[PDB]
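What's in protein06.pdb: PDB, C-alpha atoms
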```
ATOM      1  CA  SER A   2     212.341 228.407 182.232  1.00  0.00           C
ATOM      2  CA  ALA A   3     209.057 226.456 181.748  1.00  0.00           C
ATOM      3  CA  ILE A   4     207.442 229.912 181.488  1.00  0.00           C
ATOM      4  CA  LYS A   5     208.336 231.743 178.247  1.00  0.00           C
ATOM      5  CA  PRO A   6     208.350 235.644 178.001  1.00  0.00           C
ATOM      6  CA  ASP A   7     205.353 235.422 175.625  1.00  0.00           C
ATOM      7  CA  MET A   8     202.521 233.009 176.474  1.00  0.00           C
ATOM      8  CA  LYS A   9     199.078 232.173 175.009  1.00  0.00           C
ATOM      9  CA  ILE A  10     195.991 231.787 177.125  1.00  0.00           C
ATOM     10  CA  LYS A  11     192.925 229.598 176.504  1.00  0.00           C
ATOM     11  CA  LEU A  12     189.869 229.777 178.725  1.00  0.00           C
ATOM     12  CA  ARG A  13     186.358 228.422 179.216  1.00  0.00           C
ATOM     13  CA  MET A  14     184.067 229.698 181.888  1.00  0.00           C
ATOM     14  CA  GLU A  15     180.829 228.022 182.859  1.00  0.00           C
ATOM     15  CA  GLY A  16     178.516 229.551 185.356  1.00  0.00           C
ATOM     16  CA  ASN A  17     175.312 230.684 186.908  1.00  0.00           C
ATOM     17  CA  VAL A  18     174.379 234.053 188.417  1.00  0.00           C
ATOM     18  CA  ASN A  19     170.965 234.440 190.104  1.00  0.00           C
ATOM     19  CA  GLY A  20     169.754 231.343 188.159  1.00  0.00           C
ATOM     20  CA  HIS A  21     170.992 232.697 184.774  1.00  0.00           C
ATOM     21  CA  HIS A  22     173.254 230.039 183.027  1.00  0.00           C
ATOM     22  CA  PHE A  23     176.151 230.995 180.654  1.00  0.00           C
ATOM     23  CA  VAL A  24     179.259 229.797 178.822  1.00  0.00           C
ATOM     24  CA  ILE A  25     182.102 232.207 177.937  1.00  0.00           C
ATOM     25  CA  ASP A  26     185.260 231.395 175.897  1.00  0.00           C
ATOM     26  CA  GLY A  27     188.490 233.283 176.074  1.00  0.00           C
ATOM     27  CA  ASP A  28     191.573 233.528 173.940  1.00  0.00           C
ATOM     28  CA  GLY A  29     194.474 235.804 174.965  1.00  0.00           C
ATOM     29  CA  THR A  30     198.274 236.437 175.215  1.00  0.00           C
ATOM     30  CA  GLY A  31     200.442 237.933 177.964  1.00  0.00           C
ATOM     31  CA  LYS A  32     203.885 238.572 179.267  1.00  0.00           C
ATOM     32  CA  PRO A  33     204.443 236.744 182.601  1.00  0.00           C
ATOM     33  CA  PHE A  34     207.593 238.685 183.508  1.00  0.00           C
ATOM     34  CA  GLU A  35     206.105 242.111 182.754  1.00  0.00           C
ATOM     35  CA  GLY A  36     202.834 241.524 184.634  1.00  0.00           C
ATOM     36  CA  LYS A  37     200.707 242.146 181.544  1.00  0.00           C
ATOM     37  CA  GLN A  38     197.897 240.108 179.831  1.00  0.00           C
ATOM     38  CA  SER A  39     194.943 240.677 177.606  1.00  0.00           C
ATOM     39  CA  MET A  40     192.118 238.429 176.565  1.00  0.00           C
ATOM     40  CA  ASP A  41     189.318 238.321 173.962  1.00  0.00           C
ATOM     41  CA  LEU A  42     186.070 237.004 175.387  1.00  0.00           C
ATOM     42  CA  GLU A  43     183.015 235.683 173.694  1.00  0.00           C
ATOM     43  CA  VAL A  44     179.731 234.670 175.293  1.00  0.00           C
ATOM     44  CA  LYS A  45     178.790 231.284 173.727  1.00  0.00           C
ATOM     45  CA  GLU A  46     175.540 230.500 175.638  1.00  0.00           C
ATOM     46  CA  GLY A  47     173.045 232.459 177.666  1.00  0.00           C
ATOM     47  CA  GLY A  48     173.638 235.946 176.079  1.00  0.00           C
ATOM     48  CA  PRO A  49     172.832 238.799 176.240  1.00  0.00           C
ATOM     49  CA  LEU A  50     173.793 238.463 179.910  1.00  0.00           C
ATOM     50  CA  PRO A  51     171.183 240.011 182.284  1.00  0.00           C
ATOM     51  CA  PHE A  52     173.777 241.213 184.838  1.00  0.00           C
ATOM     52  CA  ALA A  53     176.809 243.619 184.855  1.00  0.00           C
ATOM     53  CA  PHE A  54     179.694 242.007 182.952  1.00  0.00           C
ATOM     54  CA  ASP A  55     182.113 243.620 185.455  1.00  0.00           C
ATOM     55  CA  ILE A  56     181.442 241.050 188.215  1.00  0.00           C
ATOM     56  CA  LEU A  57     183.017 238.402 186.095  1.00  0.00           C
ATOM     57  CA  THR A  58     186.176 240.097 184.965  1.00  0.00           C
ATOM     58  CA  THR A  59     188.622 239.209 187.761  1.00  0.00           C
ATOM     59  CA  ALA A  60     187.719 235.558 187.259  1.00  0.00           C
ATOM     60  CA  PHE A  61     189.000 235.639 183.622  1.00  0.00           C
ATOM     61  CA  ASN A  65     196.083 233.954 186.827  1.00  0.00           C
ATOM     62  CA  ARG A  66     198.676 235.435 189.227  1.00  0.00           C
ATOM     63  CA  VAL A  67     201.515 234.133 186.951  1.00  0.00           C
ATOM     64  CA  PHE A  68     200.939 237.421 185.032  1.00  0.00           C
ATOM     65  CA  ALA A  69     202.442 239.602 187.789  1.00  0.00           C
ATOM     66  CA  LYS A  70     205.939 241.222 187.834  1.00  0.00           C
ATOM     67  CA  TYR A  71     207.807 239.696 190.864  1.00  0.00           C
ATOM     68  CA  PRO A  72     211.009 241.352 192.128  1.00  0.00           C
ATOM     69  CA  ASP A  73     213.916 238.895 192.935  1.00  0.00           C
ATOM     70  CA  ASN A  74     213.341 239.302 196.725  1.00  0.00           C
ATOM     71  CA  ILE A  75     209.844 237.837 196.858  1.00  0.00           C
ATOM     72  CA  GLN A  76     209.313 234.115 196.267  1.00  0.00           C
ATOM     73  CA  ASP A  77     207.101 233.730 193.150  1.00  0.00           C
ATOM     74  CA  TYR A  78     204.793 230.884 194.110  1.00  0.00           C
ATOM     75  CA  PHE A  79     202.918 231.029 190.744  1.00  0.00           C
ATOM     76  CA  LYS A  80     205.814 230.821 188.332  1.00  0.00           C
ATOM     77  CA  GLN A  81     207.328 227.937 190.424  1.00  0.00           C
ATOM     78  CA  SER A  82     204.026 225.973 190.129  1.00  0.00           C
ATOM     79  CA  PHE A  83     204.571 225.211 186.413  1.00  0.00           C
ATOM     80  CA  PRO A  84     204.524 223.034 184.305  1.00  0.00           C
ATOM     81  CA  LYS A  85     202.159 221.122 186.645  1.00  0.00           C
ATOM     82  CA  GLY A  86     200.103 224.261 187.501  1.00  0.00           C
ATOM     83  CA  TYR A  87     197.902 225.409 190.393  1.00  0.00           C
ATOM     84  CA  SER A  88     194.282 226.120 191.302  1.00  0.00           C
ATOM     85  CA  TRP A  89     192.545 228.963 193.118  1.00  0.00           C
ATOM     86  CA  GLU A  90     189.201 229.466 194.844  1.00  0.00           C
ATOM     87  CA  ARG A  91     187.690 232.815 195.584  1.00  0.00           C
ATOM     88  CA  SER A  92     184.786 234.255 197.518  1.00  0.00           C
ATOM     89  CA  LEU A  93     183.349 237.639 196.487  1.00  0.00           C
ATOM     90  CA  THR A  94     181.165 239.315 199.212  1.00  0.00           C
ATOM     91  CA  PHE A  95     179.316 242.420 197.960  1.00  0.00           C
ATOM     92  CA  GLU A  96     178.007 245.038 200.462  1.00  0.00           C
ATOM     93  CA  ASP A  97     174.306 244.515 199.514  1.00  0.00           C
ATOM     94  CA  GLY A  98     174.334 240.715 200.115  1.00  0.00           C
ATOM     95  CA  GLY A  99     175.332 239.464 196.683  1.00  0.00           C
ATOM     96  CA  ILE A 100     177.743 236.518 196.983  1.00  0.00           C
ATOM     97  CA  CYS A 101     179.906 234.703 194.448  1.00  0.00           C
ATOM     98  CA  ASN A 102     182.236 231.721 194.504  1.00  0.00           C
ATOM     99  CA  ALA A 103     184.696 231.272 191.648  1.00  0.00           C
ATOM    100  CA  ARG A 104     187.416 228.758 190.884  1.00  0.00           C
ATOM    101  CA  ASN A 105     190.010 228.222 188.251  1.00  0.00           C
ATOM    102  CA  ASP A 106     192.176 225.146 187.580  1.00  0.00           C
ATOM    103  CA  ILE A 107     195.252 226.198 185.580  1.00  0.00           C
ATOM    104  CA  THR A 108     197.406 223.862 183.447  1.00  0.00           C
ATOM    105  CA  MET A 109     200.070 224.501 180.814  1.00  0.00           C
ATOM    106  CA  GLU A 110     200.807 222.669 177.538  1.00  0.00           C
ATOM    107  CA  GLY A 111     203.757 224.045 175.642  1.00  0.00           C
ATOM    108  CA  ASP A 112     203.440 227.797 175.397  1.00  0.00           C
ATOM    109  CA  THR A 113     199.677 227.886 176.429  1.00  0.00           C
ATOM    110  CA  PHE A 114     197.878 228.217 179.763  1.00  0.00           C
ATOM    111  CA  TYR A 115     194.512 226.400 179.837  1.00  0.00           C
ATOM    112  CA  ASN A 116     191.966 227.674 182.365  1.00  0.00           C
ATOM    113  CA  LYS A 117     188.855 225.794 183.445  1.00  0.00           C
ATOM    114  CA  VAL A 118     186.764 228.413 185.275  1.00  0.00           C
ATOM    115  CA  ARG A 119     183.529 228.114 187.316  1.00  0.00           C
ATOM    116  CA  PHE A 120     181.545 231.108 188.581  1.00  0.00           C
ATOM    117  CA  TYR A 121     178.409 230.936 190.807  1.00  0.00           C
ATOM    118  CA  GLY A 122     176.563 234.024 192.000  1.00  0.00           C
ATOM    119  CA  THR A 123     173.494 234.378 194.144  1.00  0.00           C
ATOM    120  CA  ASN A 124     171.444 236.802 196.268  1.00  0.00           C
ATOM    121  CA  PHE A 125     171.879 239.839 194.046  1.00  0.00           C
ATOM    122  CA  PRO A 126     168.895 242.144 194.568  1.00  0.00           C
ATOM    123  CA  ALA A 127     166.777 242.660 191.403  1.00  0.00           C
ATOM    124  CA  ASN A 128     166.851 246.506 191.995  1.00  0.00           C
ATOM    125  CA  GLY A 129     170.634 246.455 192.645  1.00  0.00           C
ATOM    126  CA  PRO A 130     173.440 247.879 190.423  1.00  0.00           C
ATOM    127  CA  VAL A 131     174.562 244.411 189.256  1.00  0.00           C
ATOM    128  CA  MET A 132     171.104 243.213 188.014  1.00  0.00           C
ATOM    129  CA  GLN A 133     170.314 246.714 186.614  1.00  0.00           C
ATOM    130  CA  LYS A 134     173.683 246.996 184.785  1.00  0.00           C
ATOM    131  CA  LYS A 135     174.844 250.223 186.475  1.00  0.00           C
ATOM    132  CA  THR A 136     178.544 249.453 186.920  1.00  0.00           C
ATOM    133  CA  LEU A 137     181.396 251.286 185.219  1.00  0.00           C
ATOM    134  CA  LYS A 138     184.741 249.706 186.305  1.00  0.00           C
ATOM    135  CA  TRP A 139     186.768 248.231 189.143  1.00  0.00           C
ATOM    136  CA  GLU A 140     189.112 250.805 190.839  1.00  0.00           C
ATOM    137  CA  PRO A 141     192.860 249.792 190.923  1.00  0.00           C
ATOM    138  CA  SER A 142     193.505 247.549 193.965  1.00  0.00           C
ATOM    139  CA  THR A 143     196.195 246.029 196.316  1.00  0.00           C
ATOM    140  CA  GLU A 144     195.938 242.324 197.142  1.00  0.00           C
ATOM    141  CA  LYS A 145     197.526 241.402 200.455  1.00  0.00           C
ATOM    142  CA  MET A 146     199.218 237.964 200.272  1.00  0.00           C
ATOM    143  CA  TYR A 147     199.884 235.967 203.443  1.00  0.00           C
ATOM    144  CA  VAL A 148     199.844 232.439 204.777  1.00  0.00           C
ATOM    145  CA  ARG A 149     196.768 231.241 206.721  1.00  0.00           C
ATOM    146  CA  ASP A 150     196.936 227.660 208.029  1.00  0.00           C
ATOM    147  CA  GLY A 151     199.510 226.486 205.472  1.00  0.00           C
ATOM    148  CA  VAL A 152     197.610 227.974 202.522  1.00  0.00           C
ATOM    149  CA  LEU A 153     198.681 231.035 200.480  1.00  0.00           C
ATOM    150  CA  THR A 154     195.845 233.561 200.858  1.00  0.00           C
ATOM    151  CA  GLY A 155     195.126 236.859 199.089  1.00  0.00           C
ATOM    152  CA  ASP A 156     192.705 239.473 200.487  1.00  0.00           C
ATOM    153  CA  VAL A 157     191.533 242.516 198.595  1.00  0.00           C
ATOM    154  CA  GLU A 158     188.999 245.319 199.266  1.00  0.00           C
ATOM    155  CA  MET A 159     187.516 246.027 195.904  1.00  0.00           C
ATOM    156  CA  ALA A 160     185.315 248.919 194.699  1.00  0.00           C
ATOM    157  CA  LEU A 161     183.089 249.004 191.612  1.00  0.00           C
ATOM    158  CA  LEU A 162     182.479 252.548 190.371  1.00  0.00           C
ATOM    159  CA  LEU A 163     178.725 252.954 189.628  1.00  0.00           C
ATOM    160  CA  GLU A 164     176.879 255.555 187.541  1.00  0.00           C
ATOM    161  CA  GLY A 165     175.971 258.475 189.797  1.00  0.00           C
ATOM    162  CA  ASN A 166     179.568 258.586 191.329  1.00  0.00           C
ATOM    163  CA  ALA A 167     179.001 255.987 193.930  1.00  0.00           C
ATOM    164  CA  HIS A 168     181.149 252.969 194.673  1.00  0.00           C
ATOM    165  CA  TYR A 169     179.826 249.479 195.321  1.00  0.00           C
ATOM    166  CA  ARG A 170     182.183 247.540 197.595  1.00  0.00           C
ATOM    167  CA  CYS A 171     183.166 243.907 197.829  1.00  0.00           C
ATOM    168  CA  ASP A 172     185.708 241.781 199.690  1.00  0.00           C
ATOM    169  CA  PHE A 173     187.756 239.114 197.815  1.00  0.00           C
ATOM    170  CA  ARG A 174     189.368 236.221 199.588  1.00  0.00           C
ATOM    171  CA  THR A 175     191.354 233.885 197.291  1.00  0.00           C
ATOM    172  CA  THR A 176     193.254 230.799 198.346  1.00  0.00           C
ATOM    173  CA  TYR A 177     195.975 229.513 195.983  1.00  0.00           C
ATOM    174  CA  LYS A 178     197.334 225.900 195.890  1.00  0.00           C
ATOM    175  CA  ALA A 179     200.195 224.500 193.740  1.00  0.00           C
ATOM    176  CA  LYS A 180     199.344 221.110 192.195  1.00  0.00           C
ATOM    177  CA  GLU A 181     202.742 219.805 193.170  1.00  0.00           C
ATOM    178  CA  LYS A 182     203.512 219.150 196.850  1.00  0.00           C
ATOM    179  CA  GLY A 183     206.495 221.044 198.227  1.00  0.00           C
ATOM    180  CA  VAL A 184     206.500 224.188 196.151  1.00  0.00           C
ATOM    181  CA  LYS A 185     207.602 226.477 199.067  1.00  0.00           C
ATOM    182  CA  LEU A 186     205.171 229.180 200.369  1.00  0.00           C
ATOM    183  CA  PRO A 187     206.221 232.814 199.964  1.00  0.00           C
ATOM    184  CA  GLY A 188     206.561 235.408 202.723  1.00  0.00           C
ATOM    185  CA  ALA A 189     203.781 237.964 203.060  1.00  0.00           C
ATOM    186  CA  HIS A 190     203.623 240.647 200.356  1.00  0.00           C
ATOM    187  CA  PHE A 191     201.445 242.804 198.107  1.00  0.00           C
ATOM    188  CA  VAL A 192     200.275 242.739 194.514  1.00  0.00           C
ATOM    189  CA  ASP A 193     198.912 245.878 192.907  1.00  0.00           C
ATOM    190  CA  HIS A 194     196.319 245.222 190.199  1.00  0.00           C
ATOM    191  CA  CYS A 195     194.619 247.269 187.512  1.00  0.00           C
ATOM    192  CA  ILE A 196     191.945 245.651 185.289  1.00  0.00           C
ATOM    193  CA  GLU A 197     190.240 247.356 182.368  1.00  0.00           C
ATOM    194  CA  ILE A 198     187.635 246.602 179.729  1.00  0.00           C
ATOM    195  CA  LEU A 199     189.382 247.852 176.511  1.00  0.00           C
ATOM    196  CA  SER A 200     186.460 247.428 174.062  1.00  0.00           C
ATOM    197  CA  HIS A 201     183.012 245.740 174.021  1.00  0.00           C
ATOM    198  CA  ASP A 202     180.006 245.320 171.803  1.00  0.00           C
ATOM    199  CA  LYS A 203     176.408 246.276 172.478  1.00  0.00           C
ATOM    200  CA  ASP A 204     175.505 243.594 175.054  1.00  0.00           C
ATOM    201  CA  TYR A 205     178.969 242.629 176.089  1.00  0.00           C
ATOM    202  CA  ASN A 206     178.877 239.411 174.036  1.00  0.00           C
ATOM    203  CA  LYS A 207     182.462 240.309 172.871  1.00  0.00           C
ATOM    204  CA  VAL A 208     184.815 241.996 175.371  1.00  0.00           C
ATOM    205  CA  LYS A 209     188.531 242.620 175.238  1.00  0.00           C
ATOM    206  CA  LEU A 210     190.140 242.706 178.768  1.00  0.00           C
ATOM    207  CA  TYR A 211     193.490 243.912 180.096  1.00  0.00           C
ATOM    208  CA  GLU A 212     195.375 243.530 183.414  1.00  0.00           C
ATOM    209  CA  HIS A 213     198.686 244.975 184.693  1.00  0.00           C
ATOM    210  CA  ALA A 214     199.979 243.537 187.980  1.00  0.00           C
ATOM    211  CA  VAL A 215     203.143 244.164 190.073  1.00  0.00           C
ATOM    212  CA  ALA A 216     204.286 242.404 193.325  1.00  0.00           C
ATOM    213  CA  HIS A 217     206.006 244.509 196.056  1.00  0.00           C
ATOM    214  CA  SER A 218     206.877 244.635 199.749  1.00  0.00           C
ATOM    215  CA  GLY A 219     204.900 247.787 200.620  1.00  0.00           C
ATOM    216  CA  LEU A 220     207.685 250.411 200.149  1.00  0.00           C
TER     217      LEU A 220
END
```
Turn this file's structure into structure tokens for me.
Amino acid sequence: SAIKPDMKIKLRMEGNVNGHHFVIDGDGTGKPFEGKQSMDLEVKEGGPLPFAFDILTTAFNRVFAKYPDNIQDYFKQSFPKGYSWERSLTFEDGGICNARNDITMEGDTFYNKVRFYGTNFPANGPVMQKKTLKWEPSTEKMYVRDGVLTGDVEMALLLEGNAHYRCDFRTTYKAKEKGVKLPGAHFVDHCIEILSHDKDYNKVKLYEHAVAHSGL
């Protein structure tokens, strides 16, 4: 009821990957109940980025996920006050990232304050050499670990040369308001796509479709 069927999205990301500093702005719309969102991104500082845009893209809100009536929707119940998440990304060649987002809502707009820090990417690796093509579609497993709603996902970045480059996501999610009830364990299928880009990925349009389910 706080959440409307059509919502706007405003975003700023600040960050640092292998010592390279950057600022990216986002402006988007989505449909919370249909699990669908898209966003226009614009690098404001630090471009052209010297690393694969793709590592960033899952950091640019689990409110945009279609929940059936039989799974508690922790994210939609967190509003208007909102919620935050923190995520670790562990890549198979030793690259590591920590991201966080603090999400708030004013009227019909979600505001997102995002931080992204990456380190230990090898200079000869697919991320620093810009050899990535896309994330494969994924299934996040949602469960409770020590009172905290936790999502794990085994992700795969398709590289040039038909190889995959693997990484493990762990995200913890916390409602701002005390006493929003935790859900039971469940799944969310995701698909994320770059729809269009310019030469150095200074402008990117992004799309995500997500659906919650009980595994059947």
Requested in this report: Skip range 128-140 of chain A itself and residues of its chain fewer than 4 positions away, then list as a list in words all residues within 6 Å of it, counting all atoms listed in the file.
Outcome: residues 52, 53, 160, 161, 162, 163 and 164 of chain A
Report task. Have a look at A:40, A:20, A:103, A:67 and name the one nearest to residue 200 in chain A; count all atoms listed in the file. Result ->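 That would be A:40, the residue with the smallest distance to residue 200 in chain A.
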Query raised in the report: Could you write out as a list in words the residues that the PyMOL selection byres ((chain A and resi 201-203) around 12) matches in the shown file?
Result: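 Going through the file, the PyMOL selection byres ((chain A and resi 201-203) around 12) ends up selecting residues 40, 41, 42, 43, 44, 48, 49, 50, 54, 55, 197, 198, 199, 200, 204, 205, 206, 207, 208, 209 and 210 of chain A.
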Using the selection just defined, write its residues with C-alpha atoms as a short mmCIF file (atom, residue, chain, number, x, y, z; two decimals), in the coordinates of the input.
```cif
data_model
loop_
_atom_site.label_atom_id
_atom_site.label_comp_id
_atom_site.auth_asym_id
_atom_site.auth_seq_id
_atom_site.Cartn_x
_atom_site.Cartn_y
_atom_site.Cartn_z
CA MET A 40 192.12 238.43 176.56
CA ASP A 41 189.32 238.32 173.96
CA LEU A 42 186.07 237.00 175.39
CA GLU A 43 183.02 235.68 173.69
CA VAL A 44 179.73 234.67 175.29
CA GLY A 48 173.64 235.95 176.08
CA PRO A 49 172.83 238.80 176.24
CA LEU A 50 173.79 238.46 179.91
CA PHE A 54 179.69 242.01 182.95
CA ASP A 55 182.11 243.62 185.46
CA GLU A 197 190.24 247.36 182.37
CA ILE A 198 187.64 246.60 179.73
CA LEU A 199 189.38 247.85 176.51
CA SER A 200 186.46 247.43 174.06
CA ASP A 204 175.50 243.59 175.05
CA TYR A 205 178.97 242.63 176.09
CA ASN A 206 178.88 239.41 174.04
CA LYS A 207 182.46 240.31 172.87
CA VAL A 208 184.82 242.00 175.37
CA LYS A 209 188.53 242.62 175.24
CA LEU A 210 190.14 242.71 178.77
#
```
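Candidate residues A:179, A:109, A:216, A:171 were compared for distance to residue 144 in chain A, and the nearest is A:216, using all atoms listed in the file.
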**Report entry** Matched chain/residue IDs from the PyMOL selection byres ((chain A and resi 125) around 8), as a VMD selection string
**Finding:** chain A and resid 19 97 to 100 122 to 124 126 to 127 129 131 to 132
Report task. Step by step, work through what the PyMOL selection byres ((chain A and resi 15) around 12) selects in the shown file, and finish by giving those residues as a VMD selection string. Result -> chain A and resid 12 to 14 16 to 18 21 to 27 44 to 47 57 60 to 61 103 to 105 116 to 122
Query raised in the report: How many Å separate CA of residue 196 in chain A from CA of residue 9 in chain A?
Result: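 Computed distance, CA of residue 196 in chain A to CA of residue 9 in chain A, equals 18.4 Å.
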Query raised in the report: How many Å separate CA of residue 84 in chain A from CA of residue 36 in chain A?
Result: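 These two atoms are separated by 18.6 Å.
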Query raised in the report: Suppose you want the space between CA of residue 66 in chain A and CA of residue 28 in chain A; what is it in Å?
Result: 17.0 Å
Query - Counting all atoms listed in the file, the residue of A:34, A:87, A:68, A:79 that sits nearest residue 195 in chain A - result: A:68
Will you model N, CA, C and O atoms for range 80-96 of chain A and pass it back as an mmCIF file, in the coordinates of the input?
```cif
data_model
loop_
_atom_site.group_PDB
_atom_site.id
_atom_site.type_symbol
_atom_site.label_atom_id
_atom_site.label_comp_id
_atom_site.auth_asym_id
_atom_site.auth_seq_id
_atom_site.Cartn_x
_atom_site.Cartn_y
_atom_site.Cartn_z
ATOM 1 N N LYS A 80 204.883 231.260 189.348
ATOM 2 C CA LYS A 80 205.814 230.821 188.332
ATOM 3 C C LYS A 80 206.491 229.473 188.689
ATOM 4 O O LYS A 80 206.609 228.602 187.847
ATOM 5 N N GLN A 81 206.812 229.255 189.954
ATOM 6 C CA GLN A 81 207.328 227.937 190.424
ATOM 7 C C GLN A 81 206.341 226.765 190.372
ATOM 8 O O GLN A 81 206.757 225.622 190.498
ATOM 9 N N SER A 82 205.044 227.035 190.219
ATOM 10 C CA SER A 82 204.026 225.973 190.129
ATOM 11 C C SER A 82 203.991 225.261 188.780
ATOM 12 O O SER A 82 203.316 224.255 188.676
ATOM 13 N N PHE A 83 204.655 225.796 187.751
ATOM 14 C CA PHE A 83 204.571 225.211 186.413
ATOM 15 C C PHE A 83 205.763 224.290 186.125
ATOM 16 O O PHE A 83 206.772 224.461 186.800
ATOM 17 N N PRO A 84 205.672 223.289 185.218
ATOM 18 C CA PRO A 84 204.524 223.034 184.305
ATOM 19 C C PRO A 84 203.270 222.447 184.923
ATOM 20 O O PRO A 84 202.217 222.551 184.297
ATOM 21 N N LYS A 85 203.347 221.833 186.104
ATOM 22 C CA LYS A 85 202.159 221.122 186.645
ATOM 23 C C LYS A 85 200.931 222.059 186.872
ATOM 24 O O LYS A 85 199.819 221.677 186.545
ATOM 25 N N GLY A 86 201.150 223.278 187.374
ATOM 26 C CA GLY A 86 200.103 224.261 187.501
ATOM 27 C C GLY A 86 199.570 224.390 188.919
ATOM 28 O O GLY A 86 200.158 223.858 189.888
ATOM 29 N N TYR A 87 198.462 225.113 189.059
ATOM 30 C CA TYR A 87 197.902 225.409 190.393
ATOM 31 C C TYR A 87 196.408 225.736 190.223
ATOM 32 O O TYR A 87 195.931 225.955 189.112
ATOM 33 N N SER A 88 195.679 225.755 191.318
ATOM 34 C CA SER A 88 194.282 226.120 191.302
ATOM 35 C C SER A 88 194.050 227.259 192.285
ATOM 36 O O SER A 88 194.817 227.423 193.238
ATOM 37 N N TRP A 89 193.001 228.034 192.062
ATOM 38 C CA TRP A 89 192.545 228.963 193.118
ATOM 39 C C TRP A 89 191.035 228.912 193.311
ATOM 40 O O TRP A 89 190.291 228.537 192.380
ATOM 41 N N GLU A 90 190.601 229.312 194.501
ATOM 42 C CA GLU A 90 189.201 229.466 194.844
ATOM 43 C C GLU A 90 189.026 230.813 195.455
ATOM 44 O O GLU A 90 189.876 231.269 196.221
ATOM 45 N N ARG A 91 187.907 231.452 195.146
ATOM 46 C CA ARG A 91 187.690 232.815 195.584
ATOM 47 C C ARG A 91 186.249 233.001 196.039
ATOM 48 O O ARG A 91 185.323 232.509 195.393
ATOM 49 N N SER A 92 186.081 233.689 197.167
ATOM 50 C CA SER A 92 184.786 234.255 197.518
ATOM 51 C C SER A 92 184.718 235.780 197.287
ATOM 52 O O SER A 92 185.622 236.534 197.671
ATOM 53 N N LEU A 93 183.624 236.221 196.676
ATOM 54 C CA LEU A 93 183.349 237.639 196.487
ATOM 55 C C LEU A 93 182.104 237.964 197.326
ATOM 56 O O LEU A 93 181.025 237.434 197.052
ATOM 57 N N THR A 94 182.268 238.839 198.322
ATOM 58 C CA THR A 94 181.165 239.315 199.212
ATOM 59 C C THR A 94 180.855 240.795 198.952
ATOM 60 O O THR A 94 181.650 241.669 199.282
ATOM 61 N N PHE A 95 179.709 241.062 198.336
ATOM 62 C CA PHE A 95 179.316 242.420 197.960
ATOM 63 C C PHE A 95 178.524 243.054 199.129
ATOM 64 O O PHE A 95 177.848 242.354 199.865
ATOM 65 N N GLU A 96 178.608 244.370 199.294
ATOM 66 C CA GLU A 96 178.007 245.038 200.462
ATOM 67 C C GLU A 96 176.499 244.920 200.580
ATOM 68 O O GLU A 96 176.007 245.169 201.659
#
```
